[PDB]
Amino acid sequence: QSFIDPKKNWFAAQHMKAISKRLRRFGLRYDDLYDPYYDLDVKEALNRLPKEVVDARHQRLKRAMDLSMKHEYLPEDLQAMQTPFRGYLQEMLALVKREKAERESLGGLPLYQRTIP
Amino acid sequence: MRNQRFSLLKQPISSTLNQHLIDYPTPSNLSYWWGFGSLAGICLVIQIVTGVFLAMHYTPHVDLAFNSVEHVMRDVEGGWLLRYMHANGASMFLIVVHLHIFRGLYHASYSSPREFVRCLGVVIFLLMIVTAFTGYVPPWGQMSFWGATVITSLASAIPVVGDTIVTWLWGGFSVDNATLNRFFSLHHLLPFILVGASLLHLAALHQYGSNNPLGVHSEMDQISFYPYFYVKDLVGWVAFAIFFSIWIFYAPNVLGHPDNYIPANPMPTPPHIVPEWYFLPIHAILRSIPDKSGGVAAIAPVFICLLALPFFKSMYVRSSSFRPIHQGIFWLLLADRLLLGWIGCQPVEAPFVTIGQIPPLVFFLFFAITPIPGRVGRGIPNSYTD
Amino acid sequence: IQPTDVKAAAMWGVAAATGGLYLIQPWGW
Amino acid sequence: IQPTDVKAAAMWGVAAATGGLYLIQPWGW
Amino acid sequence: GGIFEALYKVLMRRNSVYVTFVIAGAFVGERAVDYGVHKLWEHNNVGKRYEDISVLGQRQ
Amino acid sequence: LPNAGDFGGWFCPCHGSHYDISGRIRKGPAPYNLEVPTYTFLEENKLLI
Amino acid sequence: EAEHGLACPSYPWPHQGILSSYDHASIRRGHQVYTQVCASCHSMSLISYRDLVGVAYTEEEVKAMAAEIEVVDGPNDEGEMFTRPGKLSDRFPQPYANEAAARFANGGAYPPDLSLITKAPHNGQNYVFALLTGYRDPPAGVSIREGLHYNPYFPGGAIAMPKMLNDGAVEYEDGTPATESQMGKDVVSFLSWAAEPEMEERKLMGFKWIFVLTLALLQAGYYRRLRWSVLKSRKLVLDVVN
Amino acid sequence: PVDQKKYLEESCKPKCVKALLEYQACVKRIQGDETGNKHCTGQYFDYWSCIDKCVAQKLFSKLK
Amino acid sequence: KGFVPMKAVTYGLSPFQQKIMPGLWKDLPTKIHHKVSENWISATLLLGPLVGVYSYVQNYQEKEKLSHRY
Ligand SMILES: CCCCCCCCCCCCCCCCCC(=O)OC[C@H](COP(=O)(O)OCCN)OC(=O)CCCCCCCCCCCCCCCCC
Ligand code: HEC
Ligand code: HEM
Ligand code: HEM
Ligand SMILES: COC(=O)N(OC)c1ccccc1COc1ccn(-c2ccc(Cl)cc2)n1
């Protein structure tokens, strides 16, 4: 709406640089926080992506789980080379969700269901 | 299988112990906040072993119950150690579980796919409250009588089958020997239900594994439980046994009330009826309503809004490390559960009637202002994008 | 169809009242 | 074989002198 | 530093001797610490024991 | 408890019943008045339970 | 402001400390203040005669202290009760026959049992000392009933016990001047022992095991940092840049 | 045997001349009372909390 | 259930070639300044509403105590 855009609001342009600061020290992007175990639709958006794009995600996640075991951050040479908020996942995930809203208004079983634990 | 044998830990007689306690894959960045769960299973074993030996010298009769506890303290070999380990050990079992629960709220451990792990633990917290309350009556002092009167009569505000509830729970017209005898039988039984509900609560976590301090998918960097998280859990079992030994040998009566050293007299009332420290937050919500039937109906929405946290969805970020606004609400709820515990040991007067009505409202505004970040937050990748 | 699903399903609410007073006779309420 | 014999004996003389080490208790030595 | 190879030289290339050293070393250590607590106690409290009662034998 | 309260009535610090000495509730959640049983004199001052 | 009492100060008792013990010559003197000034209207009923042996008295002195009382014994072959001199196994004698006969001789008020009285109120050792040596004259405007006395430390301000520790009420057998403040200090050290007769076996076991457990904490922090050093210093190259 | 406590409770008054002077002024304000109901319990409890604090420091080193 | 195909190179030393203990008291002034200049809005949110409420109660109870004295 009107309280989340950072180039009009002042308190959204300080919430934006607070998450941008905290993502750079582990070298993560905002889309790496999306878990294929939380949402079964995120599992499908990653199977339609090229192999070289998913492999760079698995290597950013391993570099960051190694920095938090050792209790340290990326060195400041590598921290100026980081791009959080450069996305790879949001457009493919909106397409999978749009195809699921069409298969339900028209009848039709879901393509994948969650296992009951 | 293979054609001949190999390591004996991979044999069927020890497979369930190998794959779940030795070779089990664990995230490599788990901190010391992931250590309070095995610490709570040691506190449950201490209470069972100490209580089985205490029950060889206790008599559940109103003419004989207070004098059986002084006989243990004075004439049984090492018997003062058996009682002080059991009375102070119920305070250690509640400190450890309270720090366990606040880990799961900070890192959002109730989320998918781990909803059944959260809901099996709300049942465990209910069995712990009934067991500690029902066991505080067997010493039969002035606070073991005037606390079982204040709580069991609170079911007399239920509609019009509730006057038949209280005289069936009591076994008569008051708290007396029919009530002390059935509170003893249920107190030997409920810790063994608590054991079977803890093994069931662990089979639900070994279906998906554990969460981590970053909140992410972690299957690319995982090590085994032995020796890495066994030797750092052992640092936690020795730091605990030092802290537990300054409560048995140097301050064994700080965490109790002096009024439980007077034998029970139903003709006078003590001046102030206060529970143990770990029941003080729900005791201040229960006395905050100026209607009594609306007081029982404010304890049941505490256990309803706990059981209905993991079923709101739209939150893809889990950990509070990357969430700067929900992180500030966590430290503002913890300041409210410590202020509700202070109010629960004060007189019912001014000014503690206003300062005890606003924190029950702030406590219930935590579970309604969680899902609104589940809506405003999912439009962040379409605005902050570079 | 889907009406007959619930038009069945609310009489097990009541098969359960023929059952809920069958043994206990909950009286005061 | 013959190692496992004696290696049965070394810790068979541990029990003997480990339960001879928790009950009767000459304690100056 | 020569006591460190020499103490591993003799005892634990074996696993039953080792269990002697941790059981029998649990005793000399338990008596070395029970002795020091029992002498720091009767040095902080002089004139306060039971045998320091001047009228002990004589009630009548 | 007697000898205290918002009147001097029967202070109950169990969950906060401030009575008056007449027995009918002033400020609190006690849903009824106090029970009234049956008793009268013989001649002078002993009235029987 | 007089509804819970006045607050008592803090006295340096000789058994307060992490390695401090009971003064056993002051327990010996406080049993004599009890048995001559206090036992006429108060009971203990948890302490036996065999519990003073090795604490303040010899076994021969207790076998002549206990034989001065008559104790009821069970039925003979004719089915009747009798009395006998006391033994080592017997409890301290009761001044009254029940709680009803105890209120009748005291104006309705009941004098409590003193075998756990230092644990039963809050700040229970500084409260019993300051109450017994605290009988004062009332302030301007307060009136007391008849048969009640003004003690500012009692909750309410009006106690049904008269002042009983006067100068020279006990003849001490060791040459101590039996002042009011001396008998008050000596009877609280006796009453502290009676509530907690385990305090010396307890402070000596807790020094042995807190010390021994802080050595196992230094072993376990070395054992932890030794198994984790191959992971905490490894090098890793990965291919990704941003 | 003069009492050690009351000896000290007399030698601690030249340290609390203020809480005493506030008690003396209270009995003036209720001198010649009309209805009862006017005591000086508060300023009495403020003066004996002074006096009880020095004597706790020094009494137990004067008793055998 | 547990497989992510990967590509990386790791090097590692032996435990008995390093110094185990001295990395604790290493730069403790620098370690302390990092924790308190990053966690000072989470303690102003935990102790703040408790110091301010305890000040209100002690002031309320010191003005109804001096209004009951004659
Ligand atoms: C907006 C929410 C409104 C508030 C919450 C509801 C009212 C509060 C009352 C508390 C009880 C909650 C009962 C709800 C449990 C079942 C809800 C559920 O199934 O969620 C659906 C979720 C995903 O659903 P999906 O597979 O995508 O299909 C739906 C498409 N139409 O798939 C699942 O979650 C099911 C898989 C996990 C379920 C395992 C059991 C979890 C615990 C449920 C029992 C409730 C607690 C009782 C204690 C359990 C232990 C005895
Ligand atoms: C005149 C008989 C009598 C004597 C002698 C006596 N007491 Fe009492 N005592 C009583 C009565 C009556 C009460 C009840 C006071 C009340 O209920 O207000 C009481 C109460 C007490 C209390 C309880 C105070 C409280 O706050 O509950 C203590 C402690 C006590 N006495 C100690 C002693 C000691 C110590 C002695 C020996 C110096 C002693 N008493 C001698 C009759 C006596
Ligand atoms: C008798 C009481 C309990 C026992 C023995 C117990 C045991 C355990 C154990 C051993 C773990 C292993 C991982 C870890 O330590 O973090 C665990 C995890 C967990 N427990 Fe408990 N628990 C108890 C009570 C509770 C309660 C009261 C709750 C919540 C209301 C709860 C919720 C959880 C959750 C959510 C996890 C997983 C969190 C994560 O993996 O990040 N447990 N429990
Ligand atoms: C098989 C398991 C158990 C048995 C047989 C048992 C037995 C007893 C007995 C005989 C007493 C009375 C003696 C006394 O007052 O000390 C008692 C008291 C008590 N029990 Fe247990 N117990 C068991 C487990 C537990 C557990 C698991 C808890 C808490 C979660 C607990 C909490 C208490 C408490 C708080 C008291 C009151 C002690 C006091 O304050 O004096 N018990 N128990
Ligand atoms: C260890 O027990 C005490 O401290 N007890 O009990 C004798 C006590 C003593 C004095 C006053 C009050 C209590 C009880 O306080 C509370 C407050 C809430 N609950 C409760 C109990 C059971 C259930 Cl299901 C739900 C709520 N109990």
Side-chain angles (χ1 to χ4, degrees), chain B residues 74, chain E residues 37-60, chain G residues 11-39 44 46-69 86-92 114-115 118 125 128-129 132 165 167-204, chain H residues 1 4 59-64:
Chain B
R74 283 160 191 271
Chain E
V37 177
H38 272 336
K39 282 245 185 7
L40 199 69
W41 180 267
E42 6 166 13
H43 181 77
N44 209 25
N45 317 301
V46 285
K48 295 210 288 174
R49 308 175 301 152
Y50 156 75
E51 293 88 297
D52 291 272
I53 295 174
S54 5
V55 285
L56 193 58
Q58 356 220 2
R59 184 184 178 257
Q60 319 304 135
Chain G
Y11 303 106
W13 295 95
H15 48 276
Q16 284 196 338
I18 67 162
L19 284 164
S20 289
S21 83
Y22 287 125
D23 193 6
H24 281 239
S26 174
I27 302 178
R28 163 76 173 254
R29 271 181 270 139
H31 180 258
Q32 197 178 325
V33 186
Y34 164 73
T35 195
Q36 294 170 12
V37 190
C38 190
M44 303 284 264
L46 286 177
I47 292 99
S48 296
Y49 276 107
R50 69 179 192 273
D51 290 343
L52 308 155
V53 170
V55 181
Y57 289 100
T58 316
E59 196 174 31
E60 296 295 326
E61 311 176 273
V62 185
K63 266 197 261 187
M65 180 196 312
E68 296 171 3
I69 56 150
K87 288 174 290 184
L88 274 167
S89 304
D90 293 355
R91 300 269 169 109
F92 282 8
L114 293 194
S115 44
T118 51
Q125 288 172 3
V128 184
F129 184 80
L132 299 170
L165 281 182
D167 284 329
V170 160
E171 180 67 29
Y172 276 142
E173 69 179 7
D174 57 82
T176 312
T179 328
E180 179 203 44
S181 300
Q182 181 70 49
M183 298 151 72
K185 179 197 172 306
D186 292 330
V187 72
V188 177
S189 313
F190 166 67
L191 284 174
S192 298
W193 166 80
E196 312 186 351
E198 80 269 345
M199 180 213 81
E200 294 185 358
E201 197 211 327
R202 187 177 93 223
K203 291 180 173 186
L204 275 163
Chain H
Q4 295 99 329
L59 176 60
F60 267 45
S61 64
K62 288 190 129 193
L63 302 170
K64 203 186 172 298

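Letters go in sequence order (proteins before strands), and every chain restarts at 1. Note that these values count all heavy atoms, side chains included, but never hydrogens, waters or copies made by symmetry.
With rounding to the nearest 0.5 Å, the separation of OH in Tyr34(G) from CG in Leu114(G) is 7.0 Å. Of the inter-residue distances, the one linking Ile27(G) atom CD1 with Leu191(G) atom CG reads 10.5 Å to the nearest 0.5 angstrom. Atom CZ of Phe60(H) is separated from atom CZ of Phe129(G) by 5.0 Å, given to the nearest 0.5 angstrom. The OH atom of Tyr49(G) sits 4.0 Å away from atom CD1 of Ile69(G), with the distance rounded to the nearest 0.5 Å. Atom-to-atom distance recorded for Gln4(H):CD and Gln182(G):CD is 6.5 Å, nearest 0.5 angstrom. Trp193(G) contributes atom CH2, which lies 6.0 Å from atom CD1 of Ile47(G) (distance to the nearest 0.5 angstrom).
Of the possible donor and acceptor atoms, none in the side chain of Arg50(G) sits under 3.5 Å from a partner among the backbone N and O of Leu88(G). Panel note: side chain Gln32(G), backbone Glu171(G); a donor-acceptor pair is recorded below 3.5 Å. A donor-acceptor contact shorter than 3.5 Å is absent between the side chain of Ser89(G) and the backbone of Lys87(G). Between the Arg28(G) side chain and the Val55(E) main chain, a donor and an acceptor come within less than 3.5 Å of each other. Without hydrogens or angle criteria, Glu61(G) side chain to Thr58(G) main chain gives a donor-acceptor distance under 3.5 Å. Listed for the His24(G) side chain is a donor-acceptor partner under 3.5 Å among the backbone atoms of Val55(G).
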Might you work through the side chain to side chain contact (heavy atoms under 4.5 Å, CB included) test for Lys185(G) and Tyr11(G), ending with a clear yes or no? CA-CA 10 Å; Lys185(G) 179 197 172 306; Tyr11(G) 303 106; over 6 Å; no

Checking salt bridge (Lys or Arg N to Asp or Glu O under 4.0 Å) for the pair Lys48(E)/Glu200(G): CA distance, chi angles, key distance, verdict? CA-CA 12 Å; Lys48(E) 295 210 288 174; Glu200(G) 294 185 358; over 6 Å; no

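No option in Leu46(G), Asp51(G), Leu52(G) other than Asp51(G) meets the side-chain contact (heavy atoms from CB on, under 4.5 Å) test with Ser48(G). For the salt bridge (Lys or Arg N to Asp or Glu O under 4.0 Å) with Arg59(E), the qualifying choice from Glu60(G), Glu173(G), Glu68(G) is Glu68(G), the only one to do so.
Using cut-offs of 30° and 60° on the angle between ring planes, the pair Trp13(G) and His15(G) is tilted.
Minimum interatomic distance between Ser21(G) and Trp41(E) (heavy atoms only, all atoms of both residues): CB-CZ2, 3.6 Å. Closest non-hydrogen pair, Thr179(G) versus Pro1(H), comes out as CG2-O, 3.9 Å. Residues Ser115(G) and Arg74(B) come closest through the heavy atom pair O-NH2, 3.8 Å. Scanning both residues, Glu180(G) and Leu165(G), for their nearest heavy atoms gives CG-O, 3.5 Å. Residues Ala194(G) and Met44(G) share a closest heavy-atom pair of CB-CE, 4.2 Å. Summarising the geometry of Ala195(G) relative to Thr118(G), their closest heavy-atom pair is CB-OG1, 3.3 Å, with the distance given to 0.1 Å.
Heavy atoms of other residues, nucleotides or ligands lying less than 6.0 angstrom from CD of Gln58(E) number 12 at most.
Using a 4.5 Å cut-off on side-chain heavy atoms (C-beta onward), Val187(G) and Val37(G) make no contact. Residues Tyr50(E) and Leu56(E) are in side-chain contact: their nearest non-hydrogen atoms beyond the backbone lie under 4.5 Å apart.
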